[PDB]
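Working notes, structure below.
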Amino acid sequence: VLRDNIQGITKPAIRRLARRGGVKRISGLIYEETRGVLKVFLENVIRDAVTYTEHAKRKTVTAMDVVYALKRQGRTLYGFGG
Amino acid sequence: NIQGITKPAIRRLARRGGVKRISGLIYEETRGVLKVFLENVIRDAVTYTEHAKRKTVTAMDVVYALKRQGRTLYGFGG
Amino acid sequence: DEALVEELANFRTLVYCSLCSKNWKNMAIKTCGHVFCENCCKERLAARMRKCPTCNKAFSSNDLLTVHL
Amino acid sequence: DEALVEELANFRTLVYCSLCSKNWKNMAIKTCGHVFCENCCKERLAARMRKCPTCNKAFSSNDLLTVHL
Amino acid sequence: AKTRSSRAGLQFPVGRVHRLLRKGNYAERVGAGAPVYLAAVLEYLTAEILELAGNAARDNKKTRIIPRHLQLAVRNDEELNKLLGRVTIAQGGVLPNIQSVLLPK
Amino acid sequence: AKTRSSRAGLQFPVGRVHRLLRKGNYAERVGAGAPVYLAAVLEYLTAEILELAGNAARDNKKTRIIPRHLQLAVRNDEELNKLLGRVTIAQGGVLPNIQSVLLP
Amino acid sequence: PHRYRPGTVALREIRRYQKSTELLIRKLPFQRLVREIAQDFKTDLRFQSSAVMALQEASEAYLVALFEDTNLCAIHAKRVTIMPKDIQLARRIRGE
Amino acid sequence: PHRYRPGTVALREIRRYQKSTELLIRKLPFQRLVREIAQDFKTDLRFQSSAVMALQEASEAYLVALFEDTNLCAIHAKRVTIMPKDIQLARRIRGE
Amino acid sequence: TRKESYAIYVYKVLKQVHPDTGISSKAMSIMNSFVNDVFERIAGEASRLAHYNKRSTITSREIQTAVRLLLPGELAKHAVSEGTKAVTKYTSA
Amino acid sequence: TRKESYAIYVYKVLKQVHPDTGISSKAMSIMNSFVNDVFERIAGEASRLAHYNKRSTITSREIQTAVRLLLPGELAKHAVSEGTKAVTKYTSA
DNA sequence: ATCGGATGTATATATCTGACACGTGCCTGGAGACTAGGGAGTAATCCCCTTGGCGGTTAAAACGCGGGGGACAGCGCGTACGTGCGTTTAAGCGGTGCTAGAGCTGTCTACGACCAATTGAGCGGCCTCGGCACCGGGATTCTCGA
DNA sequence: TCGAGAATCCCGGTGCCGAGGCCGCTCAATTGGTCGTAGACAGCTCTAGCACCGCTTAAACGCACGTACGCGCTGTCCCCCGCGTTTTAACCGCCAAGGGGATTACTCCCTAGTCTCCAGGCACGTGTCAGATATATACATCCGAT
Ligand SMILES: [Zn+2]
Ligand SMILES: [Zn+2]
Ligand SMILES: [Zn+2]
Ligand SMILES: [Zn+2]
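Residue numbers (the authors' numbering), protein chains in the order written: chain F, 21 to 102; chain B, 25 to 102; chain K, 632 to 700; chain L, 632 to 700; chain G, 14 to 118; chain C, 14 to 117; chain A, 38 to 133; chain E, 38 to 133; chain H, 32 to 124; chain D, 32 to 124.
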C-alpha cells in the first residue's frame, strides 16, 4: 500500500512552474492550494482512463486510454500516437 | 442601429445581474461587446440557410448555429 | 440501582408532556419546535393565549401539528 | 430485576433515532409526522431517496422541521 | 400482439428507440437488448426532473408547471446543474441572490 | 494505369481518403468528387505550417524541425492559433513574455 | 419633502428584476439591429418571426451572465463600482 | 562581499525557465503519486511506460496556464504577490 | 403530415409522480427537446467506443459504460441499476 | 502486422517548400496526428450537415460548406479556392 | 550621473555517437471494365405567412439640478519573503532475472438482417369548462429624521 | 430612542382562452421463417512490465539577516444617484398584396457491387554526419563608493 505521496511535489518544483508562468513574488500559502488543485485534477482523468481500460477487459493502462480520456473533456494532446 | 440599445435597458440588465453601482463608460463598451456577439452567430445562421437553397432564415438555423458554438438553447424546437 | 432509576426518570421527563405530566408528547408547533401532548394544547388555545410556554413565540391554530413516537 | 430494565429499554428505543441508533430524535417530517435524526436525514436526502422509510410517501427538503426534546 | 414496452414493464416506446438507433448511422448492426436499456435510463431521468419541478410548482401555490419552475428545479440540484451546465432555458430567469458586501451596514 | 492523385495533381492519397470516408459510418453514400476536394484541403493545411516551422528553425541556425519550432510557428500566427485553440503540444514550451510592470 | 439615501432604491430593483422573467430590451429597435447586421453577409433576406425571438433570448442570457462575472472582479479590487477595465479582465480569463 | 537586490535573481530565473522545454517535476515521486491515486479505483493495475509520461506531460501545462491567469488576477488589484484569493477567483471565473 | 414527439409519454410519466398536476405547452416543448438531446449525447458515445475496439455491433454493454462516462455522481449508479433491472426483466419471457 | 500513416506524404510535401531541411522523428508523429484530427472534424461536420436536409449522400458541396463553417477567416477563403480548382482539373481528364 | 570590480552570458574550436535517410521484396489494397436500380433534379401549383401602411394611447425615454458618498493619492510601520551557505537525502543510471499478460490463429454456433401479411397505437381536428389574471379588504413589518 | 409615510394581507367575486378529453383513420410496429457472418473460446508465443542491487552527486533542506512591500489611516473633491417635467415613439388593432415554402409526378444517370490484375508502400537492413558536450575567451550587466 502507498500513502502520503502528495508531498513529493516539493516547494522548488512548484516555484519553478510559477517562474515559467511568469510570476515574481510568491506567498507562503500557495503550495497547499496548488497541491489540492493538482490532486483534484488528476482524479478526473485517471477515472476515465480506468473506465476505458476496464471496458476492453484488459489489465494495463495504455497511452491510448489516457489520450481518449483527455480528449473527452476538451484537452486534446498531440504527440503520443492519438 | 446600435443606438437603440438605450442606457436604461443596460441598467436593467445590470440590475438583474446583481450590481449596485455603475460607472459612466460602461454603455459604450457593452454595445461593442453585443455587436461582436451578434455578428458571430448571424454568419453561421446565414451559411446554414444558404446551403439549403432557401431565402428566409428560419428558427432551426439559429438554434443549430448556437449549438455549434457551445451554447445550446431549449424551448424552440429540437 | 440509583443510576438506572435516575436514567428512567430523566427519560420520563423527556417522553412525557411537561405541563400535564400524565400524557405522552404527541403535539408540536412549527414556530419554535417545542413538543407537548395533544390534550394540553386545545385548552391552552381555548384560553385565548398565543404565547409559547417556553420561548414566548407567537402561534396560531394553523401552527399545530401531530407527531408520532 | 428486568421489569425496570425493560421499561428503560422501551424508553431507550423511543428516545434515540430508530435509523442510526446513536443520536437524539430532532428532525420531523411534515408529510407523515415521523421523527428521525438530522444525521440520517441529510444522508438520505443526498442519496436521492426522498421517501419516508416507514410510511413511504415522498417528501421534499423543505419538509424537514427541527424540533427540541 | 403485445408491445415490447409492456413486456419490459416500461413507459417509453422501445420500438421507436430501436428504429431511431438503427436509422441514425451509429453502427453496422445494433443488439436486441440496447433499446430496452436506453429507454429505461431516459424515463428515469425524465421522472427525476419532473418530480422536482412539481415540488417547486406546489411551493408557489400553483398547479401547472411553467419554465420558471423547471429552471428553479434544475439550478438547485448540484448533479442536475452539472449535467446542464451549458444549457439555457427560455423564459427561465435567474436564481435570487445578493452578495454580502453590497448589503447595508 | 494512373492513380487518381496524379490525375488531380496532388500529393495526398485520394483512394485511401475515399476508403476511410466509406468505412467510417458518415453516410449511406459517398460522392465521386468528395475525396478529391477533401484531400486538396488537407494538403494545403499541412503545407501551410511546415513553411512557418522551417522559417522558425532557420533562425536558430538549425537544419531540422523539432516540436519547439512547431509550437513557435503555431502560437505566433493569429488565424492559425484559433484553429489549435484547446490543443497542447508535447515538448513545446511556452512563448516568452513578461508583464511590463514587473520590470525595474 | 421626502428623499431616499443613495443606495436603498438601487437595492429594490435588484430584488424586483431577479424575480421576474420577461425580456428587458424593446423589441422593435432590437429587430431593426439584427436586420441591419445581417445585411452585409447576404442582401434581400427574410426572417421568420421566431428567429428574432430566439436571437434576443440568446443575447439576454449572455449579457446577464457577463455582468454577473464582472461584479466579482470589481469586488476583488475593493470597489463597489464596475469599470470598463473589469469587463476586459473577465473576457480575457474566460478565453475570448 | 557581493549581494544582489531582492528581485533581480527571480527576474533572471523567469527568462531562463521560459526558454527551455523540459519537465520541472521529478519522475519517481510523480509515478508513485499516480499509482496511489489509481489504486482506489481498481486494485493491482499495471501502467504502460508511456502512460505515465503522457499524464505528466498533460498535467503541467494546466498548472502553467493557471499561474498565468493568477498573475493577471493579482496585478488587477495593484499587487505583485500572488495569493490563494487569486487562484480561487481564476478558477471561479473559468467555470470550475 | 405527421410529426413525432415524446409529449404523450412525458405526460403519462407525469401522471405517476403527481396525480393532480398539469403542464403548460412551453414546458412540454422544453421537456421534449431535453430528451432528444440526452438520447443523442448517450448514443454518440457508444458508437465511438465500439469503433475503438474494432467492433461493428453496439450492445447493452456500450450503453452501460457510456452512462458511467456521461452521468455524474449518484445519477450514474441509479440509472445503471434501473436499466439493468429492466433488461433482466425483459429477457425472462 | 502493419500500420498506415501519413509520413511519406508529409515528407514529400516538406521537400517542396524547404528543399534542405529535415524533420525529427518526434515531430513527425505530431503532424501525423494533426492531419487525422482535422480530417475527423471536417467529416463529422459534413455528416450531420447532410443529415439535417434529409439527404443520403455526401457530395463536394457538403464539405465545401463544412470548410466555411470550421476554418476561421482568411484561411477558409484560401482553402476553398485550393479545393475547387483541384476538382475541376480532375473532371477535365 | 560617474566609473570600476565582479559575475553571468555569448562565441569559436575538437570529437564523436546514435538517429535519420536511402535501398530491397513482397504482398495486399487500389485501378479497369460492366451491370442494375433507386436517389435526386426538374416542372407545376397553391396556399400560408411575410412585409408594408395607418391612427390613438400612453408608457418609457431624455434633460436638468442638487448633494453626499465613494474613489484615489499620500504616509508610516512592521512582518513576511528573497538571497546565500553548509549539511543531508534520495533521485538517477547501469545491469540482471522472472513471469504475467498482450497478441495472434483456428473452429464453430447462436444471433441479427431481410422479407411478407396484419392490425391496433398514435396523430390531426373539434369542443368545453375551469385555472389563472385583475379588485378591493383588514392582519403584521419596511424606513429615516429627530 | 419612536412616530409618520409608504408597503403588507388575508379572502369573496368576475371573466376568458388554452389545456384536456373524445373520435376517425392510416401505417408503423409485431409474428413468423431463413441464412450467413461476427464473435466467443481454447491454445500458444514472446515481450515488456516489475523487482532488486550498488554507486555517484545533484538537489532538497534548514538557518540567519535585511529590506522592500502589504495594509491601515486620513483628507479632498467630483461624479453618480434621486426626483420632477417634457418630448417620443413603441405597442396594438386593422387591412391588403404577393413571394416562396412545401408537396406531388416523372425520369435518368450515378453509385454500389463483382471480378481480375499488379504496382505502391511497409517492414527490414545499413552507413555517416548534425548536434551534444567540453573549453578558452570576450563582453554585457549589476551594484557600490563618489
Ligand atoms: Zn400535556
Ligand atoms: Zn417555544
Ligand atoms: Zn439517525
Ligand atoms: Zn412517514
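We treat Cβ as the ideally placed atom computed from N, Cα and C, and that holds for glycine.
Query, Result
"Proximal residues, the segment 40 to 73 of chain F versus chain H, C-beta separation under 9 Å", "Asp68, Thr71 and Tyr72"
"A/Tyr41, buried or exposed, once every other Cβ within 10 Å from all chains shown has been counted against 16", "exposed"
"Within 8 Å of chain E by C-beta, residues of the segment 71 to 97 of chain F in sequence order", "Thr73, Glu74, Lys79, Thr80, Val81, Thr82, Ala83, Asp85, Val86, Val87, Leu90, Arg95 and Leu97"
"Any C-beta of chain G under 8 Å from that of A/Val46", "no"
"Among L/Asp632, L/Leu650 and L/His665, nearest to K/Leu696 - alpha-carbon criterion", "L/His665"
"6 Å Cβ shell around E/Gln68 - same chain, five flanking residues per side excluded", "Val89"
"Partners in chain G for A/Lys64, counting only beta-carbon separations shorter than 9 Å", "Per Cβ cutoff of 9 Å: no residues; A/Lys64 is ~15 Å from chain G at best."
"K/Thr685 CB to nearest heavy atom of ligand 2 below 7 Å", "yes"
"Span of the alpha helix (DSSP H) around residue 8 of chain E", "An answer regarding residue 8 of chain E cannot be provided, because it is not within the stretch 38 to 133 covered by chain E."
"Separation of B/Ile46 from K/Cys671, as counted between CA atoms", "59 Å"
"A/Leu103 CB to nearest heavy atom of ligand 3 below 7 Å", "no"
"Segment contact flag, the segment 108 to 124 of chain D with the segment 71 to 91 of chain G, C-beta cutoff 8 Å, min 3 pairs", "no"
"Bridge-paired residues (DSSP) for A/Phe84", "B/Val81"
"Alpha carbon of D/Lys108 to alpha carbon of D/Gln95, nearest angstrom", "11 Å"
"Beta carbon of G/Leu34 nearer than 8 Å to that of G/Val27", "no"
"For A/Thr118, three-class secondary structure by DSSP", "strand"
"Span separating the alpha-carbon of F/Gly42 from that of A/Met120", "26 Å"
"Three-pair Cβ contact test at 8 Å for the segment 103 to 116 of chain G versus the segment 33 to 50 of chain D", "no"
"Exposed unless 16 or more other CB atoms sit within 10 angstroms - verdict on F/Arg40", "buried"
"B/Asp68 and D/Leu100 closer than 8 Å at C-beta", "yes"
"8 Å Cβ cutoff, D/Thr90 in contact with chain B", "no"
"Cβ-Cβ distance between A/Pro66 and B/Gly28 below 8 Å", "yes"
"L/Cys663 CB to nearest heavy atom of ligand 4 below 7 Å", "yes"
"D/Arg33: contacting residues in chain B (beta-carbon distance under 9 Å)", "Correct list: empty, because the minimum Cβ distance to chain B is about 37 Å."
"Closer than 7 Å at the beta carbon, the chain B residues around G/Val107", "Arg40"
"Helix, strand or coil at B/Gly41 [DSSP, three-state]", "helix"
"Inside the segment 75 to 115 of chain G only - alpha helix (DSSP H) runs reaching at least 4 residues", "80 to 88 and 91 to 96"
"Contacts of residue 719 of chain K in chain L (Cβ-Cβ under 7 Å)", "In this structure chain K extends from 632 to 700, so residue 719 of chain K is not present and cannot be described."
"Check whether E/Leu109 and A/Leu109 have beta carbons under 8 Å apart", "no"
"Any non-hydrogen atom of ligand 2 within 7 Å of K/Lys688 CB", "yes"
"Exercise answer, beta-carbon shell around ligand 3 heavy atoms below 6 Å", "L/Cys648, L/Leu650, L/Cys651, L/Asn654, L/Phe667, L/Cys668, L/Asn670 and L/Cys671"
"Own chain partners of A/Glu94 with C-beta closer than 8 Å, once the 5 adjacent residues on each side are dropped", "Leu60"
"L/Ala659: first and last residue of the uninterrupted beta strand (DSSP E) it sits in", "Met658 to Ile660"
"Endpoints, the beta strand (DSSP E) within which B/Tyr98 is located", "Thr96 to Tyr98"
"Sequence-distant residues of its chain with Cβ nearer than 8 Å to C/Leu51 (five each side left out)", "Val30 and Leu34"
"The segment 644 to 657 of chain K / the segment 88 to 99 of chain B touching (three or more Cβ pairs under 8 Å)", "no"
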